[PDB]
$ cat work34.cif   # mmCIF, N, CA and C atoms
data_structure
loop_
_atom_site.group_PDB
_atom_site.id
_atom_site.type_symbol
_atom_site.label_atom_id
_atom_site.label_comp_id
_atom_site.auth_asym_id
_atom_site.auth_seq_id
_atom_site.Cartn_x
_atom_site.Cartn_y
_atom_site.Cartn_z
ATOM 1 N N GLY A 1 0.823 -1.197 0.000
ATOM 2 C CA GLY A 1 0.000 0.000 0.000
ATOM 3 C C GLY A 1 0.867 1.261 0.000
ATOM 4 N N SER A 2 1.450 1.540 -1.156
ATOM 5 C CA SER A 2 2.303 2.708 -1.302
ATOM 6 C C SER A 2 2.460 3.060 -2.782
ATOM 7 N N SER A 3 2.922 4.278 -3.023
ATOM 8 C CA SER A 3 3.122 4.748 -4.382
ATOM 9 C C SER A 3 4.556 5.250 -4.558
ATOM 10 N N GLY A 4 4.935 5.438 -5.814
ATOM 11 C CA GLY A 4 6.270 5.913 -6.129
ATOM 12 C C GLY A 4 6.597 5.689 -7.607
ATOM 13 N N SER A 5 7.890 5.603 -7.888
ATOM 14 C CA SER A 5 8.345 5.391 -9.252
ATOM 15 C C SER A 5 8.023 6.617 -10.108
ATOM 16 N N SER A 6 8.878 6.853 -11.092
ATOM 17 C CA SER A 6 8.696 7.983 -11.987
ATOM 18 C C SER A 6 9.546 7.798 -13.245
ATOM 19 N N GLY A 7 8.922 7.223 -14.263
ATOM 20 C CA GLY A 7 9.607 6.983 -15.522
ATOM 21 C C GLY A 7 11.044 6.515 -15.284
ATOM 22 N N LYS A 8 11.979 7.260 -15.855
ATOM 23 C CA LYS A 8 13.387 6.933 -15.714
ATOM 24 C C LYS A 8 13.701 5.683 -16.537
ATOM 25 N N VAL A 9 13.065 4.585 -16.155
ATOM 26 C CA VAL A 9 13.267 3.324 -16.847
ATOM 27 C C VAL A 9 12.897 3.492 -18.322
ATOM 28 N N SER A 10 13.337 2.532 -19.123
ATOM 29 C CA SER A 10 13.062 2.562 -20.548
ATOM 30 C C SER A 10 11.913 1.606 -20.879
ATOM 31 N N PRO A 11 11.372 1.763 -22.117
ATOM 32 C CA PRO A 11 10.274 0.925 -22.566
ATOM 33 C C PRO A 11 10.767 -0.479 -22.922
ATOM 34 N N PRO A 12 9.788 -1.409 -23.083
ATOM 35 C CA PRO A 12 10.109 -2.784 -23.423
ATOM 36 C C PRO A 12 10.512 -2.905 -24.894
ATOM 37 N N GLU A 13 10.804 -4.133 -25.296
ATOM 38 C CA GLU A 13 11.203 -4.397 -26.668
ATOM 39 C C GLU A 13 10.017 -4.933 -27.471
ATOM 40 N N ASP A 14 9.281 -5.841 -26.846
ATOM 41 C CA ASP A 14 8.123 -6.437 -27.489
ATOM 42 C C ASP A 14 7.023 -5.383 -27.627
ATOM 43 N N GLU A 15 6.756 -5.011 -28.870
ATOM 44 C CA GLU A 15 5.735 -4.017 -29.153
ATOM 45 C C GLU A 15 4.388 -4.466 -28.583
ATOM 46 N N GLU A 16 3.971 -5.653 -28.999
ATOM 47 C CA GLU A 16 2.707 -6.205 -28.540
ATOM 48 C C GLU A 16 2.543 -5.978 -27.037
ATOM 49 N N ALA A 17 3.677 -5.912 -26.352
ATOM 50 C CA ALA A 17 3.672 -5.699 -24.915
ATOM 51 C C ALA A 17 3.365 -4.229 -24.623
ATOM 52 N N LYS A 18 4.202 -3.362 -25.174
ATOM 53 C CA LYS A 18 4.032 -1.932 -24.980
ATOM 54 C C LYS A 18 2.543 -1.586 -25.045
ATOM 55 N N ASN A 19 1.826 -2.351 -25.855
ATOM 56 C CA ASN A 19 0.397 -2.137 -26.015
ATOM 57 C C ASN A 19 -0.352 -2.872 -24.903
ATOM 58 N N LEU A 20 -0.038 -4.152 -24.765
ATOM 59 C CA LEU A 20 -0.671 -4.972 -23.747
ATOM 60 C C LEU A 20 -0.513 -4.299 -22.382
ATOM 61 N N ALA A 21 0.728 -3.958 -22.067
ATOM 62 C CA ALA A 21 1.027 -3.310 -20.801
ATOM 63 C C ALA A 21 0.072 -2.132 -20.599
ATOM 64 N N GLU A 22 0.209 -1.143 -21.470
ATOM 65 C CA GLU A 22 -0.631 0.040 -21.398
ATOM 66 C C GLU A 22 -2.101 -0.362 -21.260
ATOM 67 N N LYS A 23 -2.597 -1.036 -22.287
ATOM 68 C CA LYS A 23 -3.981 -1.481 -22.293
ATOM 69 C C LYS A 23 -4.353 -1.990 -20.899
ATOM 70 N N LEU A 24 -3.628 -3.011 -20.462
ATOM 71 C CA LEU A 24 -3.872 -3.597 -19.156
ATOM 72 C C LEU A 24 -4.159 -2.483 -18.148
ATOM 73 N N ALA A 25 -3.134 -1.687 -17.884
ATOM 74 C CA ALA A 25 -3.263 -0.586 -16.946
ATOM 75 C C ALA A 25 -4.459 0.281 -17.343
ATOM 76 N N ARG A 26 -4.474 0.669 -18.610
ATOM 77 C CA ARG A 26 -5.550 1.495 -19.127
ATOM 78 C C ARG A 26 -6.905 0.949 -18.674
ATOM 79 N N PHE A 27 -7.006 -0.373 -18.682
ATOM 80 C CA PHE A 27 -8.235 -1.032 -18.276
ATOM 81 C C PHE A 27 -8.323 -1.139 -16.752
ATOM 82 N N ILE A 28 -7.325 -1.797 -16.179
ATOM 83 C CA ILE A 28 -7.277 -1.977 -14.738
ATOM 84 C C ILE A 28 -7.437 -0.618 -14.053
ATOM 85 N N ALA A 29 -7.128 0.428 -14.805
ATOM 86 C CA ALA A 29 -7.232 1.781 -14.284
ATOM 87 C C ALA A 29 -8.696 2.223 -14.319
ATOM 88 N N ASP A 30 -9.413 1.712 -15.310
ATOM 89 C CA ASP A 30 -10.818 2.045 -15.467
ATOM 90 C C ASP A 30 -11.628 1.349 -14.371
ATOM 91 N N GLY A 31 -10.977 0.406 -13.707
ATOM 92 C CA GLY A 31 -11.621 -0.340 -12.639
ATOM 93 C C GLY A 31 -11.158 0.156 -11.268
ATOM 94 N N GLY A 32 -10.570 -0.760 -10.511
ATOM 95 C CA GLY A 32 -10.079 -0.430 -9.183
ATOM 96 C C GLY A 32 -9.398 -1.638 -8.536
ATOM 97 N N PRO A 33 -9.678 -1.816 -7.217
ATOM 98 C CA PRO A 33 -9.101 -2.923 -6.474
ATOM 99 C C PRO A 33 -9.787 -4.243 -6.834
ATOM 100 N N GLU A 34 -10.777 -4.139 -7.707
ATOM 101 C CA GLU A 34 -11.517 -5.311 -8.142
ATOM 102 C C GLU A 34 -10.934 -5.854 -9.448
ATOM 103 N N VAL A 35 -10.738 -4.947 -10.393
ATOM 104 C CA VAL A 35 -10.188 -5.319 -11.686
ATOM 105 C C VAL A 35 -8.779 -5.884 -11.493
ATOM 106 N N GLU A 36 -8.019 -5.214 -10.639
ATOM 107 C CA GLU A 36 -6.658 -5.637 -10.358
ATOM 108 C C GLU A 36 -6.650 -7.056 -9.787
ATOM 109 N N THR A 37 -7.828 -7.502 -9.379
ATOM 110 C CA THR A 37 -7.970 -8.833 -8.814
ATOM 111 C C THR A 37 -8.340 -9.839 -9.906
ATOM 112 N N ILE A 38 -9.481 -9.593 -10.533
ATOM 113 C CA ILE A 38 -9.956 -10.465 -11.593
ATOM 114 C C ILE A 38 -8.970 -10.425 -12.762
ATOM 115 N N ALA A 39 -8.511 -9.219 -13.066
ATOM 116 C CA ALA A 39 -7.567 -9.032 -14.154
ATOM 117 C C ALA A 39 -6.288 -9.816 -13.856
ATOM 118 N N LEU A 40 -5.854 -9.725 -12.607
ATOM 119 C CA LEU A 40 -4.650 -10.418 -12.182
ATOM 120 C C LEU A 40 -4.947 -11.914 -12.052
ATOM 121 N N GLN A 41 -5.785 -12.235 -11.077
ATOM 122 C CA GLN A 41 -6.158 -13.619 -10.837
ATOM 123 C C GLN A 41 -6.332 -14.360 -12.165
ATOM 124 N N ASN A 42 -6.863 -13.641 -13.142
ATOM 125 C CA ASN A 42 -7.086 -14.215 -14.458
ATOM 126 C C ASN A 42 -5.769 -14.223 -15.236
ATOM 127 N N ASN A 43 -5.183 -13.041 -15.357
ATOM 128 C CA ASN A 43 -3.926 -12.898 -16.072
ATOM 129 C C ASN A 43 -2.985 -14.036 -15.671
ATOM 130 N N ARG A 44 -3.105 -14.448 -14.417
ATOM 131 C CA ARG A 44 -2.275 -15.522 -13.899
ATOM 132 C C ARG A 44 -2.239 -16.689 -14.889
ATOM 133 N N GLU A 45 -3.420 -17.222 -15.168
ATOM 134 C CA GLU A 45 -3.536 -18.338 -16.092
ATOM 135 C C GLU A 45 -2.881 -17.991 -17.430
ATOM 136 N N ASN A 46 -3.063 -16.742 -17.835
ATOM 137 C CA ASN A 46 -2.497 -16.272 -19.088
ATOM 138 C C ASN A 46 -0.987 -16.092 -18.926
ATOM 139 N N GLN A 47 -0.260 -16.504 -19.954
ATOM 140 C CA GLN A 47 1.189 -16.394 -19.938
ATOM 141 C C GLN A 47 1.627 -15.055 -20.533
ATOM 142 N N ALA A 48 1.004 -14.708 -21.650
ATOM 143 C CA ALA A 48 1.318 -13.461 -22.327
ATOM 144 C C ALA A 48 1.406 -12.334 -21.295
ATOM 145 N N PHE A 49 0.458 -12.347 -20.369
ATOM 146 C CA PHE A 49 0.417 -11.337 -19.326
ATOM 147 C C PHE A 49 1.413 -11.660 -18.211
ATOM 148 N N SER A 50 2.650 -11.901 -18.618
ATOM 149 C CA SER A 50 3.701 -12.222 -17.666
ATOM 150 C C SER A 50 4.438 -10.947 -17.251
ATOM 151 N N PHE A 51 4.354 -9.944 -18.114
ATOM 152 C CA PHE A 51 5.005 -8.674 -17.850
ATOM 153 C C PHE A 51 4.463 -8.035 -16.569
ATOM 154 N N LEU A 52 3.349 -8.578 -16.102
ATOM 155 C CA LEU A 52 2.720 -8.073 -14.893
ATOM 156 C C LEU A 52 3.521 -8.539 -13.675
ATOM 157 N N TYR A 53 4.035 -9.757 -13.776
ATOM 158 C CA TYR A 53 4.819 -10.329 -12.695
ATOM 159 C C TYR A 53 6.318 -10.201 -12.976
ATOM 160 N N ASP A 54 6.723 -10.753 -14.111
ATOM 161 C CA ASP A 54 8.121 -10.707 -14.508
ATOM 162 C C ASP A 54 8.691 -9.324 -14.191
ATOM 163 N N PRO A 55 9.450 -9.259 -13.064
ATOM 164 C CA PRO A 55 10.056 -8.009 -12.640
ATOM 165 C C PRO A 55 11.264 -7.662 -13.513
ATOM 166 N N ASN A 56 12.109 -8.660 -13.722
ATOM 167 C CA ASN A 56 13.300 -8.475 -14.533
ATOM 168 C C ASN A 56 12.941 -7.669 -15.783
ATOM 169 N N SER A 57 11.857 -8.080 -16.422
ATOM 170 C CA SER A 57 11.397 -7.409 -17.626
ATOM 171 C C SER A 57 11.181 -5.920 -17.344
ATOM 172 N N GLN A 58 11.321 -5.126 -18.395
ATOM 173 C CA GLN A 58 11.144 -3.689 -18.276
ATOM 174 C C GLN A 58 9.664 -3.323 -18.407
ATOM 175 N N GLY A 59 8.956 -4.126 -19.187
ATOM 176 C CA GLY A 59 7.538 -3.898 -19.404
ATOM 177 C C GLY A 59 6.805 -3.698 -18.076
ATOM 178 N N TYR A 60 7.037 -4.629 -17.162
ATOM 179 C CA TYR A 60 6.408 -4.567 -15.854
ATOM 180 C C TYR A 60 6.409 -3.136 -15.313
ATOM 181 N N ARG A 61 7.575 -2.512 -15.382
ATOM 182 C CA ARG A 61 7.725 -1.148 -14.905
ATOM 183 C C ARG A 61 6.850 -0.199 -15.728
ATOM 184 N N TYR A 62 7.064 -0.233 -17.035
ATOM 185 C CA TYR A 62 6.306 0.615 -17.940
ATOM 186 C C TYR A 62 4.801 0.437 -17.727
ATOM 187 N N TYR A 63 4.426 -0.787 -17.382
ATOM 188 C CA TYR A 63 3.027 -1.102 -17.147
ATOM 189 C C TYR A 63 2.506 -0.388 -15.899
ATOM 190 N N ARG A 64 3.259 -0.528 -14.817
ATOM 191 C CA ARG A 64 2.885 0.096 -13.559
ATOM 192 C C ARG A 64 2.696 1.602 -13.750
ATOM 193 N N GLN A 65 3.681 2.213 -14.393
ATOM 194 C CA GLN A 65 3.636 3.643 -14.646
ATOM 195 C C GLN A 65 2.262 4.044 -15.188
ATOM 196 N N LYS A 66 1.919 3.464 -16.329
ATOM 197 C CA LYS A 66 0.642 3.749 -16.960
ATOM 198 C C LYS A 66 -0.476 3.612 -15.924
ATOM 199 N N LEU A 67 -0.284 2.666 -15.017
ATOM 200 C CA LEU A 67 -1.264 2.422 -13.972
ATOM 201 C C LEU A 67 -1.415 3.682 -13.117
ATOM 202 N N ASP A 68 -0.278 4.278 -12.792
ATOM 203 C CA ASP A 68 -0.270 5.485 -11.983
ATOM 204 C C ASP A 68 -0.760 6.663 -12.827
ATOM 205 N N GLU A 69 -0.282 6.705 -14.061
ATOM 206 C CA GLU A 69 -0.662 7.768 -14.976
ATOM 207 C C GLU A 69 -2.186 7.851 -15.090
ATOM 208 N N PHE A 70 -2.805 6.681 -15.163
ATOM 209 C CA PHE A 70 -4.252 6.607 -15.274
ATOM 210 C C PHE A 70 -4.915 6.746 -13.903
ATOM 211 N N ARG A 71 -4.530 5.856 -13.001
ATOM 212 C CA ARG A 71 -5.078 5.868 -11.655
ATOM 213 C C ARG A 71 -5.200 7.305 -11.146
ATOM 214 N N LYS A 72 -4.058 7.969 -11.063
ATOM 215 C CA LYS A 72 -4.024 9.345 -10.594
ATOM 216 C C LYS A 72 -4.726 9.435 -9.238
ATOM 217 N N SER A 73 -3.966 9.143 -8.193
ATOM 218 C CA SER A 73 -4.501 9.186 -6.843
ATOM 219 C C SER A 73 -3.359 9.300 -5.831
ATOM 220 N N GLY A 74 -2.861 10.519 -5.683
ATOM 221 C CA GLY A 74 -1.773 10.775 -4.755
ATOM 222 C C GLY A 74 -1.008 12.042 -5.144
ATOM 223 N N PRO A 75 -1.345 13.155 -4.439
ATOM 224 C CA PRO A 75 -0.698 14.430 -4.703
ATOM 225 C C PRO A 75 0.721 14.454 -4.130
ATOM 226 N N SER A 76 1.572 13.620 -4.707
ATOM 227 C CA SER A 76 2.953 13.536 -4.265
ATOM 228 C C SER A 76 3.893 13.592 -5.472
ATOM 229 N N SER A 77 5.072 14.147 -5.237
ATOM 230 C CA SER A 77 6.065 14.268 -6.291
ATOM 231 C C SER A 77 7.469 14.077 -5.713
ATOM 232 N N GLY A 78 7.799 14.926 -4.751
ATOM 233 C CA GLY A 78 9.101 14.861 -4.110
ATOM 234 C C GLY A 78 10.063 15.883 -4.718
#

$ encode --input "work34.cif" --output "structure tokens"
Amino acid sequence: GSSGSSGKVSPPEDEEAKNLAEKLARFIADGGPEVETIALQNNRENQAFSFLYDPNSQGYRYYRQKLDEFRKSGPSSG
């Protein structure tokens, strides 16, 4: 239960991901603590949606960002 991160990192290599990642967040963002559950719990079975877990991957990061970009809930910067 915390926020942070701010770009810096670079985008992924797999284009389909750059889209999937965004989309995911874009969607999970349209939802809340529920979508992040069904979307995740479900994504689990799905392999393509590995960028959600796979930390090593850069997509994961880029994905989260979009999540914050959309979510928009925390007047913090630093």

$ residues_around --input "work34.cif" --residues "residue 67 of chain A" --least-positions-apart "3" --cutoff "9 Å" --atoms "only C-alpha atoms" --output "PDB file with N, CA and C atoms, keeping the file's coordinate frame"
ATOM      1  N   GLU A  22       0.209  -1.143 -21.470  1.00  0.00           N
ATOM      2  CA  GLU A  22      -0.631   0.040 -21.398  1.00  0.00           C
ATOM      3  C   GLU A  22      -2.101  -0.362 -21.260  1.00  0.00           C
ATOM      4  N   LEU A  24      -3.628  -3.011 -20.462  1.00  0.00           N
ATOM      5  CA  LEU A  24      -3.872  -3.597 -19.156  1.00  0.00           C
ATOM      6  C   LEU A  24      -4.159  -2.483 -18.148  1.00  0.00           C
ATOM      7  N   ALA A  25      -3.134  -1.687 -17.884  1.00  0.00           N
ATOM      8  CA  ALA A  25      -3.263  -0.586 -16.946  1.00  0.00           C
ATOM      9  C   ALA A  25      -4.459   0.281 -17.343  1.00  0.00           C
ATOM     10  N   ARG A  26      -4.474   0.669 -18.610  1.00  0.00           N
ATOM     11  CA  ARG A  26      -5.550   1.495 -19.127  1.00  0.00           C
ATOM     12  C   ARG A  26      -6.905   0.949 -18.674  1.00  0.00           C
ATOM     13  N   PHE A  27      -7.006  -0.373 -18.682  1.00  0.00           N
ATOM     14  CA  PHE A  27      -8.235  -1.032 -18.276  1.00  0.00           C
ATOM     15  C   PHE A  27      -8.323  -1.139 -16.752  1.00  0.00           C
ATOM     16  N   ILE A  28      -7.325  -1.797 -16.179  1.00  0.00           N
ATOM     17  CA  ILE A  28      -7.277  -1.977 -14.738  1.00  0.00           C
ATOM     18  C   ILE A  28      -7.437  -0.618 -14.053  1.00  0.00           C
ATOM     19  N   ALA A  29      -7.128   0.428 -14.805  1.00  0.00           N
ATOM     20  CA  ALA A  29      -7.232   1.781 -14.284  1.00  0.00           C
ATOM     21  C   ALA A  29      -8.696   2.223 -14.319  1.00  0.00           C
ATOM     22  N   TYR A  62       7.064  -0.233 -17.035  1.00  0.00           N
ATOM     23  CA  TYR A  62       6.306   0.615 -17.940  1.00  0.00           C
ATOM     24  C   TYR A  62       4.801   0.437 -17.727  1.00  0.00           C
ATOM     25  N   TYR A  63       4.426  -0.787 -17.382  1.00  0.00           N
ATOM     26  CA  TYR A  63       3.027  -1.102 -17.147  1.00  0.00           C
ATOM     27  C   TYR A  63       2.506  -0.388 -15.899  1.00  0.00           C
ATOM     28  N   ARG A  64       3.259  -0.528 -14.817  1.00  0.00           N
ATOM     29  CA  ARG A  64       2.885   0.096 -13.559  1.00  0.00           C
ATOM     30  C   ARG A  64       2.696   1.602 -13.750  1.00  0.00           C
ATOM     31  N   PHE A  70      -2.805   6.681 -15.163  1.00  0.00           N
ATOM     32  CA  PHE A  70      -4.252   6.607 -15.274  1.00  0.00           C
ATOM     33  C   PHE A  70      -4.915   6.746 -13.903  1.00  0.00           C
ATOM     34  N   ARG A  71      -4.530   5.856 -13.001  1.00  0.00           N
ATOM     35  CA  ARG A  71      -5.078   5.868 -11.655  1.00  0.00           C
ATOM     36  C   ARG A  71      -5.200   7.305 -11.146  1.00  0.00           C
ATOM     37  N   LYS A  72      -4.058   7.969 -11.063  1.00  0.00           N
ATOM     38  CA  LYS A  72      -4.024   9.345 -10.594  1.00  0.00           C
ATOM     39  C   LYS A  72      -4.726   9.435  -9.238  1.00  0.00           C
TER      40      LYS A  72
END

$ select_by_dssp --input "work34.cif" --residues "segment 11-55 of chain A" --states "alpha helix (DSSP H)" --output "list in words"
residues 15, 16, 17, 18, 19, 20, 21, 22, 23, 24, 25, 26, 27, 28, 29, 30, 35, 36, 37, 38, 39, 40, 41, 42, 43, 44 and 45 of chain A

$ write_last_selection --input "work34.cif" --atoms "N, CA and C atoms" --output "PDB file, in the coordinates of the input"
ATOM      1  N   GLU A  15       6.756  -5.011 -28.870  1.00  0.00           N
ATOM      2  CA  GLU A  15       5.735  -4.017 -29.153  1.00  0.00           C
ATOM      3  C   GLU A  15       4.388  -4.466 -28.583  1.00  0.00           C
ATOM      4  N   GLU A  16       3.971  -5.653 -28.999  1.00  0.00           N
ATOM      5  CA  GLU A  16       2.707  -6.205 -28.540  1.00  0.00           C
ATOM      6  C   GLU A  16       2.543  -5.978 -27.037  1.00  0.00           C
ATOM      7  N   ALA A  17       3.677  -5.912 -26.352  1.00  0.00           N
ATOM      8  CA  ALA A  17       3.672  -5.699 -24.915  1.00  0.00           C
ATOM      9  C   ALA A  17       3.365  -4.229 -24.623  1.00  0.00           C
ATOM     10  N   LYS A  18       4.202  -3.362 -25.174  1.00  0.00           N
ATOM     11  CA  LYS A  18       4.032  -1.932 -24.980  1.00  0.00           C
ATOM     12  C   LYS A  18       2.543  -1.586 -25.045  1.00  0.00           C
ATOM     13  N   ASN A  19       1.826  -2.351 -25.855  1.00  0.00           N
ATOM     14  CA  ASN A  19       0.397  -2.137 -26.015  1.00  0.00           C
ATOM     15  C   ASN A  19      -0.352  -2.872 -24.903  1.00  0.00           C
ATOM     16  N   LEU A  20      -0.038  -4.152 -24.765  1.00  0.00           N
ATOM     17  CA  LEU A  20      -0.671  -4.972 -23.747  1.00  0.00           C
ATOM     18  C   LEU A  20      -0.513  -4.299 -22.382  1.00  0.00           C
ATOM     19  N   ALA A  21       0.728  -3.958 -22.067  1.00  0.00           N
ATOM     20  CA  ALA A  21       1.027  -3.310 -20.801  1.00  0.00           C
ATOM     21  C   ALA A  21       0.072  -2.132 -20.599  1.00  0.00           C
ATOM     22  N   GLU A  22       0.209  -1.143 -21.470  1.00  0.00           N
ATOM     23  CA  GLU A  22      -0.631   0.040 -21.398  1.00  0.00           C
ATOM     24  C   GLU A  22      -2.101  -0.362 -21.260  1.00  0.00           C
ATOM     25  N   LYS A  23      -2.597  -1.036 -22.287  1.00  0.00           N
ATOM     26  CA  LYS A  23      -3.981  -1.481 -22.293  1.00  0.00           C
ATOM     27  C   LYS A  23      -4.353  -1.990 -20.899  1.00  0.00           C
ATOM     28  N   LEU A  24      -3.628  -3.011 -20.462  1.00  0.00           N
ATOM     29  CA  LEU A  24      -3.872  -3.597 -19.156  1.00  0.00           C
ATOM     30  C   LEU A  24      -4.159  -2.483 -18.148  1.00  0.00           C
ATOM     31  N   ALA A  25      -3.134  -1.687 -17.884  1.00  0.00           N
ATOM     32  CA  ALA A  25      -3.263  -0.586 -16.946  1.00  0.00           C
ATOM     33  C   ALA A  25      -4.459   0.281 -17.343  1.00  0.00           C
ATOM     34  N   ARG A  26      -4.474   0.669 -18.610  1.00  0.00           N
ATOM     35  CA  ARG A  26      -5.550   1.495 -19.127  1.00  0.00           C
ATOM     36  C   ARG A  26      -6.905   0.949 -18.674  1.00  0.00           C
ATOM     37  N   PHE A  27      -7.006  -0.373 -18.682  1.00  0.00           N
ATOM     38  CA  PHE A  27      -8.235  -1.032 -18.276  1.00  0.00           C
ATOM     39  C   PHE A  27      -8.323  -1.139 -16.752  1.00  0.00           C
ATOM     40  N   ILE A  28      -7.325  -1.797 -16.179  1.00  0.00           N
ATOM     41  CA  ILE A  28      -7.277  -1.977 -14.738  1.00  0.00           C
ATOM     42  C   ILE A  28      -7.437  -0.618 -14.053  1.00  0.00           C
ATOM     43  N   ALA A  29      -7.128   0.428 -14.805  1.00  0.00           N
ATOM     44  CA  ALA A  29      -7.232   1.781 -14.284  1.00  0.00           C
ATOM     45  C   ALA A  29      -8.696   2.223 -14.319  1.00  0.00           C
ATOM     46  N   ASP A  30      -9.413   1.712 -15.310  1.00  0.00           N
ATOM     47  CA  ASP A  30     -10.818   2.045 -15.467  1.00  0.00           C
ATOM     48  C   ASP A  30     -11.628   1.349 -14.371  1.00  0.00           C
ATOM     49  N   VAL A  35     -10.738  -4.947 -10.393  1.00  0.00           N
ATOM     50  CA  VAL A  35     -10.188  -5.319 -11.686  1.00  0.00           C
ATOM     51  C   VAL A  35      -8.779  -5.884 -11.493  1.00  0.00           C
ATOM     52  N   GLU A  36      -8.019  -5.214 -10.639  1.00  0.00           N
ATOM     53  CA  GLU A  36      -6.658  -5.637 -10.358  1.00  0.00           C
ATOM     54  C   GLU A  36      -6.650  -7.056  -9.787  1.00  0.00           C
ATOM     55  N   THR A  37      -7.828  -7.502  -9.379  1.00  0.00           N
ATOM     56  CA  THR A  37      -7.970  -8.833  -8.814  1.00  0.00           C
ATOM     57  C   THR A  37      -8.340  -9.839  -9.906  1.00  0.00           C
ATOM     58  N   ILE A  38      -9.481  -9.593 -10.533  1.00  0.00           N
ATOM     59  CA  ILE A  38      -9.956 -10.465 -11.593  1.00  0.00           C
ATOM     60  C   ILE A  38      -8.970 -10.425 -12.762  1.00  0.00           C
ATOM     61  N   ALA A  39      -8.511  -9.219 -13.066  1.00  0.00           N
ATOM     62  CA  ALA A  39      -7.567  -9.032 -14.154  1.00  0.00           C
ATOM     63  C   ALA A  39      -6.288  -9.816 -13.856  1.00  0.00           C
ATOM     64  N   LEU A  40      -5.854  -9.725 -12.607  1.00  0.00           N
ATOM     65  CA  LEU A  40      -4.650 -10.418 -12.182  1.00  0.00           C
ATOM     66  C   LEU A  40      -4.947 -11.914 -12.052  1.00  0.00           C
ATOM     67  N   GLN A  41      -5.785 -12.235 -11.077  1.00  0.00           N
ATOM     68  CA  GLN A  41      -6.158 -13.619 -10.837  1.00  0.00           C
ATOM     69  C   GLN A  41      -6.332 -14.360 -12.165  1.00  0.00           C
ATOM     70  N   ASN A  42      -6.863 -13.641 -13.142  1.00  0.00           N
ATOM     71  CA  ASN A  42      -7.086 -14.215 -14.458  1.00  0.00           C
ATOM     72  C   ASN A  42      -5.769 -14.223 -15.236  1.00  0.00           C
ATOM     73  N   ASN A  43      -5.183 -13.041 -15.357  1.00  0.00           N
ATOM     74  CA  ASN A  43      -3.926 -12.898 -16.072  1.00  0.00           C
ATOM     75  C   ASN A  43      -2.985 -14.036 -15.671  1.00  0.00           C
ATOM     76  N   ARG A  44      -3.105 -14.448 -14.417  1.00  0.00           N
ATOM     77  CA  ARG A  44      -2.275 -15.522 -13.899  1.00  0.00           C
ATOM     78  C   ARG A  44      -2.239 -16.689 -14.889  1.00  0.00           C
ATOM     79  N   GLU A  45      -3.420 -17.222 -15.168  1.00  0.00           N
ATOM     80  CA  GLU A  45      -3.536 -18.338 -16.092  1.00  0.00           C
ATOM     81  C   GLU A  45      -2.881 -17.991 -17.430  1.00  0.00           C
TER      82      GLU A  45
END

$ residues_around --input "work34.cif" --residues "segment 41-58 of chain A" --least-positions-apart "2" --cutoff "8 Å" --atoms "only N, CA and C atoms" --output "JSON, numbers by chain"
{"A": [9, 10, 11, 12, 13, 17, 20, 21, 35, 36, 37, 38, 39, 60, 61, 62, 63, 64]}

$ atom_distance --input "work34.cif" --atom1 "atom CA of residue 66 of chain A" --atom2 "atom N of residue 33 of chain A"
15.2 Å

$ closest_residue --input "work34.cif" --among "A:65, A:18, A:23, A:75" --to "residue 5 of chain A" --atoms "all atoms listed in the file"
A:65

$ atom_distance --input "work34.cif" --atom1 "atom CA of residue 2 of chain A" --atom2 "atom CA of residue 78 of chain A"
14.2 Å

$ residues_around --input "work34.cif" --residues "residue 4 of chain A" --least-positions-apart "6" --cutoff "9 Å" --atoms "only C-alpha atoms" --output "list in words"
residues 68, 76 and 77 of chain A

$ atom_distance --input "work34.cif" --atom1 "atom CA of residue 14 of chain A" --atom2 "atom N of residue 30 of chain A"
22.9 Å
